[PDB]
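Peer 1: Taken in sequence, the protein lines are chains QL and QH. For the first sequence, PDB author numbering assigns the number 5 to the initial residue and increments by one for each residue that follows. For the second sequence, PDB author numbering assigns the number 1 to the initial residue and increments by one for each residue that follows.
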Amino acid sequence: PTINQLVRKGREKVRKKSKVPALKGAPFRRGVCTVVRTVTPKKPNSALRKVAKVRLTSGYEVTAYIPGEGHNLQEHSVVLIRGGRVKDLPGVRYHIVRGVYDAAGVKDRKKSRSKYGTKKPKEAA
Amino acid sequence: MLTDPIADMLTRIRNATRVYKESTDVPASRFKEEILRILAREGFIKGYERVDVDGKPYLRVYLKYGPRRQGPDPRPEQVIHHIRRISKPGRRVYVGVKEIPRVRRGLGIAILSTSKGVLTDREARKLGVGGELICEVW
RNA sequence: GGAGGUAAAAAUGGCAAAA
RNA sequence: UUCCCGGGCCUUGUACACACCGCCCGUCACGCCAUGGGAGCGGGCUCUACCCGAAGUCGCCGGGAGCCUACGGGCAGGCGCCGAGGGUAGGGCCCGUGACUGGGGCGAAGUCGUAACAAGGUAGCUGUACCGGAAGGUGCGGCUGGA
RNA sequence: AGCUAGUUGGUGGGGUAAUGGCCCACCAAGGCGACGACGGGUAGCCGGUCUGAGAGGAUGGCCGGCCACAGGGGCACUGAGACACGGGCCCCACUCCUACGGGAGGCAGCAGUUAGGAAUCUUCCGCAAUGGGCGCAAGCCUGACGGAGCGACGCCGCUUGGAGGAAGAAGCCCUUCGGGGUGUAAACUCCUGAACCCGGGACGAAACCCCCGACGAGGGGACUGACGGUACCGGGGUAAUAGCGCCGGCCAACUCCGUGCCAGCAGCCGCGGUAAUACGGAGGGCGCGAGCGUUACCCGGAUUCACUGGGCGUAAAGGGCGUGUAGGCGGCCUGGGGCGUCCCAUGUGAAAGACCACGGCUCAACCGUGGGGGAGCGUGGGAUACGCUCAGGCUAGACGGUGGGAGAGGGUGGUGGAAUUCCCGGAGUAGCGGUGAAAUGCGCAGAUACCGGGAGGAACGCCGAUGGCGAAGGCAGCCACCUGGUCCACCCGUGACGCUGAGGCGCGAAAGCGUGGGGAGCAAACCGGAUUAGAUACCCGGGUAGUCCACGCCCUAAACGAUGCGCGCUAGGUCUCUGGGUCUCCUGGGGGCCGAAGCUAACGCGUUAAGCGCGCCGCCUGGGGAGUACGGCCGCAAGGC
Ligand SMILES: NC[C@@H]1O[C@H](O[C@H]2[C@@H](O)[C@H](O[C@@H]3[C@@H](O)[C@H](N)C[C@H](N)[C@H]3O[C@H]3O[C@H](CO)[C@@H](O)[C@H](O)[C@H]3N)O[C@@H]2CO)[C@H](N)[C@@H](O)[C@@H]1O
Ligand SMILES: [Mg+2]
Ligand SMILES: [Mg+2]
Ligand SMILES: [Mg+2]
Ligand SMILES: [Mg+2]
Ligand SMILES: [Mg+2]
Ligand SMILES: [Mg+2]
Ligand SMILES: [Mg+2]
Ligand SMILES: [Mg+2]
Ligand SMILES: [Mg+2]
Ligand SMILES: [Mg+2]
Ligand SMILES: [Mg+2]
Ligand SMILES: [Mg+2]
Ligand SMILES: [Mg+2]
Ligand SMILES: [Mg+2]
Ligand SMILES: [Mg+2]
Ligand SMILES: [Mg+2]
Ligand SMILES: [Mg+2]
Ligand SMILES: [Mg+2]
Ligand SMILES: [Mg+2]
Ligand SMILES: [Mg+2]
Ligand SMILES: [Mg+2]
Ligand SMILES: [Mg+2]
Ligand SMILES: [Mg+2]
Ligand SMILES: [Mg+2]
Ligand SMILES: [Mg+2]
Ligand SMILES: [Mg+2]
Ligand SMILES: [Mg+2]
Ligand SMILES: [Mg+2]
Ligand SMILES: [Mg+2]
Ligand SMILES: [Mg+2]
Ligand SMILES: [Mg+2]
Ligand SMILES: [Mg+2]
Ligand SMILES: [Mg+2]
Ligand SMILES: [Mg+2]
Ligand SMILES: [Mg+2]
Ligand SMILES: [Mg+2]
Ligand SMILES: [Mg+2]
Ligand SMILES: [Mg+2]
Ligand SMILES: [Mg+2]
Ligand SMILES: [Mg+2]
Ligand SMILES: [Mg+2]
Ligand SMILES: [Mg+2]
Ligand SMILES: [Mg+2]
Ligand SMILES: [Mg+2]
Ligand SMILES: [Mg+2]
Ligand SMILES: [Mg+2]
Ligand SMILES: [Mg+2]
Ligand SMILES: [Mg+2]
Ligand SMILES: [Mg+2]
Ligand SMILES: [Mg+2]
Ligand SMILES: [Mg+2]
Ligand SMILES: [Mg+2]
Ligand SMILES: [Mg+2]
Ligand SMILES: [Mg+2]
Ligand SMILES: [Mg+2]
Ligand SMILES: [Mg+2]
Ligand SMILES: [Mg+2]
Numbered sequence: 005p006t007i008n009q010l011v012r013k014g015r016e017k018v019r020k021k022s023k024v025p026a027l028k029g030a031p032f033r034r035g036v037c038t039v040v041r042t043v044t045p046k047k048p049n050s051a052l053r054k055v056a057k058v059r060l061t062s063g064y065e066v067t068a069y070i071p072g073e074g075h076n077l078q079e080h081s082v083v084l085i086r087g088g089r090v091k092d093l094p095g096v097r098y099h100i101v102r103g104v105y106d107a108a109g110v111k112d113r114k115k116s117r118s119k120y121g122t123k124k125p126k127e128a129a
Numbered sequence: 001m002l003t004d005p006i007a008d009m010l011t012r013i014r015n016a017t018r019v020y021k022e023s024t025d026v027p028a029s030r031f032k033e034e035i036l037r038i039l040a041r042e043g044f045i046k047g048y049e050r051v052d053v054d055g056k057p058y059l060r061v062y063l064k065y066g067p068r069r070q071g072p073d074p075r076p077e078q079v080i081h082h083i084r085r086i087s088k089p090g091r092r093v094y095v096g097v098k099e100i101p102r103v104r105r106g107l108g109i110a111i112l113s114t115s116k117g118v119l120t121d122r123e124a125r126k127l128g129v130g131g132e133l134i135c136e137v138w
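#1: Taking buried to mean at least 16 other C-beta atoms within 10 Å of its own C-beta, is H75(QL) buried or exposed?
#2: Could you work out which residue in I100(QH), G128(QH), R105(QH) is closest to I134(QH) when comparing CA atoms only?
#3: Rounded to a whole number of angstroms, what is the C-alpha to C-alpha distance between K116(QH) and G128(QH)?
#4: May I have the straight-line CA-CA distance separating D106(QL) from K28(QL), to the nearest angstrom?
#5: Short check: CB of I80(QH) to CB of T3(QH), under 7 Å?
#6: Out of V61(QH), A28(QH), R14(QH), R68(QH), which has the shortest C-alpha to C-alpha gap to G55(QH)?
#7: Quick one: what does DSSP say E79(QL) is sitting in, helix, strand or coil?
#8: Nearest by alpha-carbon distance to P31(QL): which of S22(QL), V39(QL), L77(QL) is it?
#9: Classify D121(QH): buried if its beta carbon has 16 or more other beta carbons within 10 angstroms, exposed otherwise.
#10: Tell whether a beta-carbon distance below 7 Å holds between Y58(QH) and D25(QH).
#11: Checking 7 Å against the spacing of the C-beta atoms, do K57(QL) and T38(QL) come in under that value?
#12: Throw me the rounded Cβ distance for the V137(QH) and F44(QH) pair, which I believe falls under 8 Å.
#13: Could you tell me whether the region 99-115 of chain QL touches the region 66-80 of chain QL, using the rule of 3 or more Cβ pairs below 8 Å?
#14: Hey, how far is the Cα of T44(QL) from the Cα of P25(QL)?
#15: Within 10 angstroms of the Cβ of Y62(QH), are there 16 or more other Cβ atoms? Answer buried if so, exposed if not.
#16: For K64(QH), which of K98(QH), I111(QH), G106(QH), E42(QH) has the nearest alpha-carbon?
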């Protein structure tokens with residue numbers, strides 16, 4: 005455009021949108037479980053991913069993904085929200101941390117224990 | 001209507017260098033004649049003279065080129081590779097002595113109009129004046 | 001010899017996939 | 001050698017390229033989500049007009065009536081304007097909610113048809129108008145993104 | 001998109017330390033706004049901080065400067081100073097004590113609680129330092145401060161040994177079993193010595209005070225340390241925690257087993273459905289280390305908001321076209337000013353931070369000193385090339401004059417023929433139309449085909465073209481009137497009058513709407529007859545609005561050259577339309593094809609640019625949802641912006 009149009013209209017900034025509405029963008033958010041179930045994936049895959057709708061402290065109600073192998077989630081379990089979405093799951097844009105709440109960590113996990121909240125085992129090794 | 005007689009003149013030269021014409025007639029004004037004086041000092045042209053066309057004064061500028069290269073596309077190397085007006089009338093550009101560009105790391109020339117006449121980047125840095133940066137040539 | 005210039009027919013093919 | 005089946009060369013068109021046994025459009029059925037309309041209901045902020053209006057500054061009175069150390073003075077006190085705030089009534093914005101409803105997005109293989117892409121078997125697209133379960137069809141005019 | 005009652009100005013008062021509608025009476029009717037008032041949302045602002053090559057983008061946590069609040073709101077008193085955090089009065093909310101009538105309180109001070117939350121500490125020591133209030137002083141107060149404690153929260157420093165050591169133990173992993181890998185790694189042998197035990201032990205402290213000198217200068221003397229017996233110094237002395245992420249590509253590091261689109265991984269592309277270096281485990285390896293990852297946010301990459309530094313023929317994007325307001329921009333010459341602009345000096349730009357040197361903690365982090373400049377803004381002085389302004393002048397831009405030239409340019413009125421349909425007369429028969437083929441339909445009530453006459457509407461064959469005209473949509477028989485635009489010659493007059501153009505304004509095919517007129521042909525809808533599985537379609541026979549006129553609306557488009565307007569510049573060849581000439585040929589405008597240089601991603605453009613430049617406007621920023629919904633304006637409605 006011309007120089008004179010730049011002092012009239014000006015340049016517009018992008019002003020991006022948060023993919024995570026976690027109330028001021030807090031890193032974590034406590035919530036209580038209400039349902040614990042499985043949801044079929046998108047068209048290029050097929051499995052049964054374990055999910056849970058959670059009623060956080062902000063008054064909303066969203067779906068979260070349960071990672072790992074095996075868990076302990078019921079209709080009345082407290083849990084912590086991580087953040088990050090699942091590509092094959094529609095409407096699921098949050099993750100569940102494991103280890104310190106009524107949601108335990110993946111037991112019999114040996115490689116990545118920081119994620120999936122498994123504590124250090126000592127079996128003479 | 002000639003919104004910019006200076007930038008038009010710079011393109012009357014650019015339309016001639018790409019076809020290797022002997023000369024080009026541009027309209028006359030003393031400010032653009034003063035630009036041709038600096039253009040002959042650094043050696044981009046062979047000169048100019050005040051000619052008369054249809055009773056009106058024009059400036060017949062004698063262009064300068066390189067030697068005929070060997071191999072395909074025997075067009076000689078341009079003496080003037082790039083030339084364009086900086087201080088356009090829609091966007092005036094005024095600079096001091098500290099804000100003078102290193103045109104082609106000094107291999108080029110930055111012509112500018114100052115209070116002590118129209119000079120180039122070297123002598124304007126020596127005199128220490130600065131002003132309206134007209135054009136860059138390299 | 002440069003233009004204007006000839007239709008009776010007949011639908012469909014599960015999703016996803018190699019250096 | 002006009003026609004059916006297969007094949008070779010040249011060319012044209014193409015949205016096809018596990019390549020027409022290709023692709024792809026729309027309605028309907030199911031599930032989830034967000035959003036608009038909606039008899040209305042609720043909430044927050046704000047504006048206007050009036051009624052009441054505490055403290056207090058300021059302005060009169062200080063008298064049939066008080067206290068005061070100098071008194072054609074002071075203090076208490078009475079009144080008046082303004083006034084936080086409360087109320088009554090009507091509006092302006094925003095938000096939540098509501099039976100029901102309109103279209104939309106998403107969801108590996110459900111139904112109905114063949115619209116487009118090969119002259120897609122009615123050249124296609126288009127602005128408008130009318131009709132039809134639906135892609136769509138047709139009328140008038142226009143475009144080459146077709147001969 | 002309009003706002004304004006103390007709203008804007010005046011006069012006189014009130015009030016203040018002080019100007020002021022700050023407040024009050026009277027008068028005038030003004031003030032603000034696309035340069036974005038008014039309203040809505042959000043937010044303390046800065047030095048600086050983070051990023052970035054830079055320009056910029058983001059941010060305002062610690063420290064420092066300014067403002068504003070002390071549960072919410074108002075108000076004054078005191079006083080140099082307050083509308084006052086630990087002062088006063090009153091209302092609301094809340095807590096507590098009551099003998100019930102009326103009282104007490106205000107952590108956003110230091111700690112500590114509760115509640116919220118992903119999450120943030122000690123109800124510690126001391127006035128020894130520095131600083132503050134009071135006091136002549138002695139001295140008192142100081143949760144300011146100096147310190148200590150909690151927390152890998154961040155940066156920095158250090159440890160978990162070091163040197164030897166097998167042709168290379170055991171375990172474990174892979175194996176084409178011959179071997180290869182962990183791996184000098186361990187064990188083992190020397191040496192050093194974190195932690196710990198013992199002794200010593202501070203700097204921060206010198207003044208205020210006292211003595212001589214006059215309680216002055218000057219000199220001398222004494223007292224005091226929370227941190228803390230802590231740092232540190234000397235002697236002795238122990239082999240003394242390693243963990244986290246990754247290993248398909250981006251991206252550095254591969255083999256085995258398990259599982260079989262299950263379980264599962266995932267930031268993007270994507271892996272898994274029987275032999276997976278992408279899942280799970282094991283071995284090995286790579287990266288980093290008291291840390292390693294993850295999630296959330298900011299900048300980068302992103303030249304995907306492009307001033308540096310982008311684009312619009314076909315990828316998203318040129319407004320449908322024109323006229324024109326504000327605005328932006330402006331030809332050649334010469335003077336006056338010096339506003340932009342440039343230079344020199346001066347002042348300011350606090351300090352800290354940042355940059356560079358030298359130092360202090362045994363190094364660094366941290367800290368001390370010193371130096372160097374910013375940008376901006378105020379003042380004085382100078383320069384005048386360019387922009388700006390004033391004045392004189394010019395003609396190449398633009399406009400006019402004289403005389404011609406073409407054209408379906410527009411509006412109004414009149415008119416000509418051919419053809420279709422219908423009516424009438426004649427003559428004339430058994431079929432005509434229709435299709436790919438048939439049927440519906442018309443026809444012995446006399447059809448088709450032929451002749452003659454009449455009515456009525458619409459469109460103008462041949463000329464006619466790859467043609468012309470207009471700004472666009474668009475415009476075609478003929479005549480005349482009214483009228484616009486344009487081209488050439490002469491170079492006569494004016495003399496910079498110029499280009500673009502937000503808003504506004506006018507035009508705007510077809511379809512549609514209103515009122516009236518008209519209706520031959522055609523023809524949405526609709527009804528038949530065929531086709532087909534079905535036909536709401538293609539094909540056929542009928543057929544109403546509409547198509548046509550006058551006036552008023554609607555304002556869309558593949559409104560297309562999918563290319564905005566004006567000007568200057570860069571080889572030509574060739575077809576045609578239309579002026580002028582010393583009409584061979586030259587020269588001016590208009591429509592086309594091919595093509596130099598050049599541009600583009602290619603197709604392609606190429607003096608009718610998509611080339612090289614300048615001025616201005618519109619517009620684009622992944623696809624869908626969607627030109628949808630709400631709000632606003634327009635419209636009779638359909639609907640449009
Ligand atoms: N996706 C954009 C829109 O999709 C619409 O189409 C939507 C539906 O009409 C369409 O439905 C199709 C149906 O056409 C077709 N005949 C059968 C097919 N299984 C359906 O598919 C749908 O439904 C199945 C489950 O029933 C889902 O698992 C699947 O993801 C979904 N595509 O699937 C689409 C949703 O994915 C229209 N085409 C139009 O509005 C537009 O294209
Ligand atoms: Mg240099
Ligand atoms: Mg079917
Ligand atoms: Mg698949
Ligand atoms: Mg052959
Ligand atoms: Mg072929
Ligand atoms: Mg097919
Ligand atoms: Mg008296
Ligand atoms: Mg008296
Ligand atoms: Mg509602
Ligand atoms: Mg609602
Ligand atoms: Mg709904
Ligand atoms: Mg399914
Ligand atoms: Mg079709
Ligand atoms: Mg078809
Ligand atoms: Mg078709
Ligand atoms: Mg149509
Ligand atoms: Mg129809
Ligand atoms: Mg705030
Ligand atoms: Mg950058
Ligand atoms: Mg409080
Ligand atoms: Mg207090
Ligand atoms: Mg808590
Ligand atoms: Mg002290
Ligand atoms: Mg003191
Ligand atoms: Mg071994
Ligand atoms: Mg000491
Ligand atoms: Mg020692
Ligand atoms: Mg690698
Ligand atoms: Mg396997
Ligand atoms: Mg592997
Ligand atoms: Mg693995
Ligand atoms: Mg991986
Ligand atoms: Mg950027
Ligand atoms: Mg970024
Ligand atoms: Mg730019
Ligand atoms: Mg771009
Ligand atoms: Mg397209
Ligand atoms: Mg496009
Ligand atoms: Mg256009
Ligand atoms: Mg357009
Ligand atoms: Mg000028
Ligand atoms: Mg000046
Ligand atoms: Mg400073
Ligand atoms: Mg003049
Ligand atoms: Mg003349
Ligand atoms: Mg104009
Ligand atoms: Mg119209
Ligand atoms: Mg019409
Ligand atoms: Mg009508
Ligand atoms: Mg008909
Ligand atoms: Mg059929
Ligand atoms: Mg018909
Ligand atoms: Mg066109
Ligand atoms: Mg020409
Ligand atoms: Mg060409
Ligand atoms: Mg324009
Ligand atoms: Mg529309």
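Cβ atoms here follow ideal geometry from the backbone N, Cα and C, with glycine treated the same way.
Peer 2: Taking the definition as stated:
#1: buried
#2: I100(QH)
#3: 10 Å
#4: 25 Å
#5: no
#6: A28(QH)
#7: coil
#8: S22(QL)
#9: buried
#10: yes
#11: yes
#12: 7 Å
#13: yes
#14: 24 Å
#15: exposed
#16: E42(QH)
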